[PDB]
Amino acid sequence: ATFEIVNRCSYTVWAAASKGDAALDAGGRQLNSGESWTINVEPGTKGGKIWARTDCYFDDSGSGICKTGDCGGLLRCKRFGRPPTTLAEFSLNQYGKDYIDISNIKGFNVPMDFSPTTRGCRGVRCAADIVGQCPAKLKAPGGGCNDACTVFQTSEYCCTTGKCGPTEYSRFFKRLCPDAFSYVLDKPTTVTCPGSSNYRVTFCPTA
């Protein structure tokens, strides 16, 4: 499947794509403002994620650092990035269907629209100014709005027991973005699409 990743932000981002133990396609690339990068993701990919990284510096071998979503200092991500990261999440060809969502469980850095380019389902979006409105105690000095699990490392915020409820912090993410996961056990906002759909991830979609 094809994922067109489009940076509509006014600033450069470094897109990343991984399923956690491996890159998807090249795994990462610079996207200047307005650039589109089209990747191929293998059918059957389970637990795949795409995200933006901000304020990155890489050497001529692809090694360096980002202020948000750094994946072990690599241009080409092989693993998930360091929070805060708004997450486009997807599992493909899972018994005949694809499942997509956006998640704020690992915080928020960049606004995002995650939509099929082919027929038969809707897109998901979290494009409110979460950074600007972020609760003081969640603000990341590196940039972005952290999730409460990352900041406080409790069983309640991290849902470590599989028993956890919504929180003051999760409610903030949910108020700003109803259509994304605000905590691990949030009422699912996952969208069922046809198996083998194609997609576009658009960073800063509101323009």
# chains A, B, ... in the order shown; residues from 1 in each chain; ligands from 1

$ residues_around --residues "residue 131 (chain A)" --least-positions-apart "4" --cutoff "10 Å" --atoms "only C-alpha atoms" --output "ChimeraX atom specification"
/A:107-111,135,138-140,143-146

$ closest_atom_pairs --of "region 122-168 of chain A" --to "region 188-196 of chain A" --cutoff "9 Å" --atoms "only C-alpha atoms" --output "tab-separated table"
residue	atom	partner	partner_atom	distance
A:122	CA	A:191	CA	7.2
A:123	CA	A:191	CA	7.7
A:124	CA	A:191	CA	7.7

$ residues_around --residues "residue 182 (chain A)" --least-positions-apart "2" --cutoff "7 Å" --atoms "only C-alpha atoms" --output "JSON, numbers by chain"
{"A": [103, 104, 105, 170, 173, 174, 180, 186]}

$ write_last_selection --atoms "C-alpha atoms" --output "mmCIF file, in the first residue's frame"
data_model
loop_
_atom_site.group_PDB
_atom_site.id
_atom_site.type_symbol
_atom_site.label_atom_id
_atom_site.label_comp_id
_atom_site.auth_asym_id
_atom_site.auth_seq_id
_atom_site.Cartn_x
_atom_site.Cartn_y
_atom_site.Cartn_z
ATOM 1 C CA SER A 103 -3.360 8.736 18.791
ATOM 2 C CA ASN A 104 -2.291 11.312 21.444
ATOM 3 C CA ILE A 105 -1.190 8.522 23.911
ATOM 4 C CA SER A 170 -6.343 12.750 29.040
ATOM 5 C CA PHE A 173 -6.253 15.871 24.736
ATOM 6 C CA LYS A 174 -9.809 14.567 24.149
ATOM 7 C CA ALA A 180 -7.937 10.695 18.617
ATOM 8 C CA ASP A 186 -10.133 5.471 25.495
#

$ select_by_dssp --residues "chain A" --states "helix (DSSP H, G or I)" --output "NGL selection string"
:A and (130-133 or 136-138 or 148-152 or 155-158 or 168-176)

$ write_last_selection --atoms "N, CA, C and O atoms" --output "mmCIF file, in the first residue's frame"
data_model
loop_
_atom_site.group_PDB
_atom_site.id
_atom_site.type_symbol
_atom_site.label_atom_id
_atom_site.label_comp_id
_atom_site.auth_asym_id
_atom_site.auth_seq_id
_atom_site.Cartn_x
_atom_site.Cartn_y
_atom_site.Cartn_z
ATOM 1 N N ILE A 130 -2.915 22.053 20.103
ATOM 2 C CA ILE A 130 -2.629 21.382 21.355
ATOM 3 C C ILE A 130 -1.366 21.911 22.007
ATOM 4 O O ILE A 130 -1.300 22.000 23.238
ATOM 5 N N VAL A 131 -0.333 22.219 21.218
ATOM 6 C CA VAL A 131 0.873 22.794 21.797
ATOM 7 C C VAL A 131 0.593 24.115 22.509
ATOM 8 O O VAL A 131 1.048 24.339 23.661
ATOM 9 N N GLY A 132 -0.142 24.977 21.829
ATOM 10 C CA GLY A 132 -0.402 26.283 22.348
ATOM 11 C C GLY A 132 -1.258 26.215 23.617
ATOM 12 O O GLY A 132 -1.061 27.022 24.528
ATOM 13 N N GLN A 133 -2.220 25.286 23.683
ATOM 14 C CA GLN A 133 -3.103 25.197 24.803
ATOM 15 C C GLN A 133 -2.624 24.204 25.916
ATOM 16 O O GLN A 133 -3.296 24.028 26.961
ATOM 17 N N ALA A 136 0.406 23.467 31.619
ATOM 18 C CA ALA A 136 1.770 23.813 31.995
ATOM 19 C C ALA A 136 2.634 22.550 32.302
ATOM 20 O O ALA A 136 3.743 22.383 31.804
ATOM 21 N N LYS A 137 2.080 21.589 33.039
ATOM 22 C CA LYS A 137 2.874 20.491 33.575
ATOM 23 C C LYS A 137 3.188 19.429 32.500
ATOM 24 O O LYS A 137 4.060 18.562 32.703
ATOM 25 N N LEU A 138 2.443 19.488 31.394
ATOM 26 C CA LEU A 138 2.658 18.670 30.209
ATOM 27 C C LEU A 138 3.565 19.278 29.125
ATOM 28 O O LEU A 138 3.960 18.572 28.202
ATOM 29 N N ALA A 148 0.568 12.354 29.839
ATOM 30 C CA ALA A 148 0.743 12.230 31.292
ATOM 31 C C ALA A 148 1.561 11.006 31.686
ATOM 32 O O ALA A 148 2.270 11.061 32.705
ATOM 33 N N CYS A 149 1.518 9.940 30.882
ATOM 34 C CA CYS A 149 2.342 8.744 31.209
ATOM 35 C C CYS A 149 3.829 9.090 31.088
ATOM 36 O O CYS A 149 4.615 8.815 31.953
ATOM 37 N N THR A 150 4.200 9.722 30.002
ATOM 38 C CA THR A 150 5.590 10.189 29.782
ATOM 39 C C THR A 150 6.061 11.130 30.909
ATOM 40 O O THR A 150 7.198 11.056 31.367
ATOM 41 N N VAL A 151 5.219 12.051 31.358
ATOM 42 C CA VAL A 151 5.662 12.988 32.378
ATOM 43 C C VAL A 151 5.685 12.337 33.774
ATOM 44 O O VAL A 151 6.598 12.586 34.550
ATOM 45 N N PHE A 152 4.685 11.518 34.122
ATOM 46 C CA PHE A 152 4.501 11.147 35.554
ATOM 47 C C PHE A 152 4.758 9.706 35.884
ATOM 48 O O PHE A 152 5.019 9.359 37.024
ATOM 49 N N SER A 155 0.975 4.053 37.139
ATOM 50 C CA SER A 155 0.109 2.952 36.565
ATOM 51 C C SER A 155 -1.167 3.526 35.974
ATOM 52 O O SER A 155 -1.614 3.047 34.930
ATOM 53 N N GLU A 156 -1.674 4.624 36.568
ATOM 54 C CA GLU A 156 -2.953 5.211 36.150
ATOM 55 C C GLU A 156 -2.863 5.834 34.762
ATOM 56 O O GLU A 156 -3.688 5.535 33.931
ATOM 57 N N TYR A 157 -1.836 6.673 34.527
ATOM 58 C CA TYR A 157 -1.618 7.317 33.251
ATOM 59 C C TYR A 157 -1.085 6.351 32.189
ATOM 60 O O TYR A 157 -1.379 6.533 31.033
ATOM 61 N N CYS A 158 -0.276 5.389 32.609
ATOM 62 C CA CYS A 158 0.375 4.428 31.649
ATOM 63 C C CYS A 158 -0.462 3.180 31.365
ATOM 64 O O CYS A 158 -0.224 2.493 30.375
ATOM 65 N N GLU A 168 -7.662 14.054 34.242
ATOM 66 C CA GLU A 168 -7.607 15.485 33.866
ATOM 67 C C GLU A 168 -6.773 15.710 32.597
ATOM 68 O O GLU A 168 -7.193 16.426 31.623
ATOM 69 N N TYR A 169 -5.606 15.056 32.552
ATOM 70 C CA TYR A 169 -4.721 15.252 31.419
ATOM 71 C C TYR A 169 -5.302 14.620 30.098
ATOM 72 O O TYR A 169 -5.335 15.247 29.030
ATOM 73 N N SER A 170 -5.824 13.397 30.198
ATOM 74 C CA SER A 170 -6.343 12.750 29.040
ATOM 75 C C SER A 170 -7.515 13.542 28.531
ATOM 76 O O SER A 170 -7.658 13.683 27.282
ATOM 77 N N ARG A 171 -8.335 14.077 29.461
ATOM 78 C CA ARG A 171 -9.474 14.913 29.035
ATOM 79 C C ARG A 171 -9.105 16.171 28.247
ATOM 80 O O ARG A 171 -9.872 16.600 27.409
ATOM 81 N N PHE A 172 -7.923 16.720 28.498
ATOM 82 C CA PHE A 172 -7.482 17.872 27.748
ATOM 83 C C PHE A 172 -7.246 17.442 26.264
ATOM 84 O O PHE A 172 -7.702 18.110 25.296
ATOM 85 N N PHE A 173 -6.553 16.331 26.093
ATOM 86 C CA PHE A 173 -6.253 15.871 24.736
ATOM 87 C C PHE A 173 -7.614 15.566 23.998
ATOM 88 O O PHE A 173 -7.783 15.846 22.842
ATOM 89 N N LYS A 174 -8.516 14.926 24.691
ATOM 90 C CA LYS A 174 -9.809 14.567 24.149
ATOM 91 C C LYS A 174 -10.727 15.766 23.843
ATOM 92 O O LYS A 174 -11.389 15.751 22.816
ATOM 93 N N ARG A 175 -10.653 16.833 24.655
ATOM 94 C CA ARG A 175 -11.390 18.035 24.409
ATOM 95 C C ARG A 175 -10.856 18.675 23.123
ATOM 96 O O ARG A 175 -11.623 19.042 22.228
ATOM 97 N N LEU A 176 -9.532 18.812 23.030
ATOM 98 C CA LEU A 176 -8.975 19.464 21.861
ATOM 99 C C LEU A 176 -9.145 18.592 20.578
ATOM 100 O O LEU A 176 -9.306 19.140 19.425
#

$ atom_distance --atom1 "CA of residue 45 (chain A)" --atom2 "CA of residue 119 (chain A)"
19.7 Å

$ residues_around --residues "residue 35 (chain A)" --least-positions-apart "5" --cutoff "8 Å" --atoms "only C-alpha atoms" --output "MDAnalysis selection string"
chainID A and resid 6:8

$ select_by_dssp --residues "region 37-136 of chain A" --states "strand (DSSP E or B)" --output "count of residues only"
42

$ atom_distance --atom1 "CA of residue 51 (chain A)" --atom2 "CA of residue 22 (chain A)"
14.7 Å

$ closest_residue --among "A:72, A:64, A:81, A:44" --to "residue 16 (chain A)" --atoms "only C-alpha atoms"
A:81

$ closest_residue --among "A:183, A:58, A:199, A:11" --to "residue 28 (chain A)" --atoms "only C-alpha atoms"
A:58

$ atom_distance --atom1 "CA of residue 18 (chain A)" --atom2 "CA of residue 166 (chain A)"
28.0 Å

$ closest_residue --among "A:204, A:49, A:19, A:75" --to "residue 61 (chain A)" --atoms "only C-alpha atoms"
A:75

$ residues_around --residues "residue 36 (chain A)" --least-positions-apart "4" --cutoff "12 Å" --atoms "only C-alpha atoms" --output "VMD selection string"
chain A and resid 3 to 9 12 to 15 29 to 32 200 to 203

$ closest_residue --among "A:153, A:167, A:70, A:206" --to "residue 126 (chain A)" --atoms "only C-alpha atoms"
A:206

$ residues_around --residues "residue 69 (chain A)" --least-positions-apart "2" --cutoff "7 Å" --atoms "only C-alpha atoms" --output "list in words"
residues 52, 53, 66, 67, 71, 81, 82, 83, 84 and 85 of chain A

$ write_last_selection --atoms "N, CA and C atoms" --output "PDB file, in the first residue's frame"
ATOM      1  N   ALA A  52       5.627  12.942  12.525  1.00  0.00           N
ATOM      2  CA  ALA A  52       6.540  14.002  12.189  1.00  0.00           C
ATOM      3  C   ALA A  52       7.572  14.144  13.261  1.00  0.00           C
ATOM      4  N   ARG A  53       8.790  14.478  12.847  1.00  0.00           N
ATOM      5  CA  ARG A  53       9.762  14.986  13.766  1.00  0.00           C
ATOM      6  C   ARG A  53      10.161  16.452  13.451  1.00  0.00           C
ATOM      7  N   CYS A  66      16.654  14.748  16.858  1.00  0.00           N
ATOM      8  CA  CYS A  66      15.488  15.652  16.755  1.00  0.00           C
ATOM      9  C   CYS A  66      14.967  16.039  18.139  1.00  0.00           C
ATOM     10  N   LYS A  67      14.359  17.230  18.233  1.00  0.00           N
ATOM     11  CA  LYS A  67      13.694  17.726  19.464  1.00  0.00           C
ATOM     12  C   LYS A  67      12.406  17.045  19.744  1.00  0.00           C
ATOM     13  N   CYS A  71      14.047   8.956  16.714  1.00  0.00           N
ATOM     14  CA  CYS A  71      14.053   7.522  16.757  1.00  0.00           C
ATOM     15  C   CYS A  71      15.530   7.054  16.874  1.00  0.00           C
ATOM     16  N   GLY A  81       9.441   6.713  17.755  1.00  0.00           N
ATOM     17  CA  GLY A  81      10.117   7.917  18.178  1.00  0.00           C
ATOM     18  C   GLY A  81       9.867   8.341  19.609  1.00  0.00           C
ATOM     19  N   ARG A  82      10.732   9.203  20.078  1.00  0.00           N
ATOM     20  CA  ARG A  82      10.649   9.737  21.443  1.00  0.00           C
ATOM     21  C   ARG A  82       9.492  10.767  21.579  1.00  0.00           C
ATOM     22  N   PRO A  83       8.590  10.563  22.549  1.00  0.00           N
ATOM     23  CA  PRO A  83       7.471  11.502  22.710  1.00  0.00           C
ATOM     24  C   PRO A  83       7.982  12.921  22.936  1.00  0.00           C
ATOM     25  N   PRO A  84       7.160  13.933  22.670  1.00  0.00           N
ATOM     26  CA  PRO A  84       5.787  13.933  22.227  1.00  0.00           C
ATOM     27  C   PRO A  84       5.751  13.720  20.688  1.00  0.00           C
ATOM     28  N   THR A  85       4.798  12.881  20.252  1.00  0.00           N
ATOM     29  CA  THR A  85       4.567  12.554  18.852  1.00  0.00           C
ATOM     30  C   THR A  85       3.129  12.280  18.571  1.00  0.00           C
TER      31      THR A  85
END
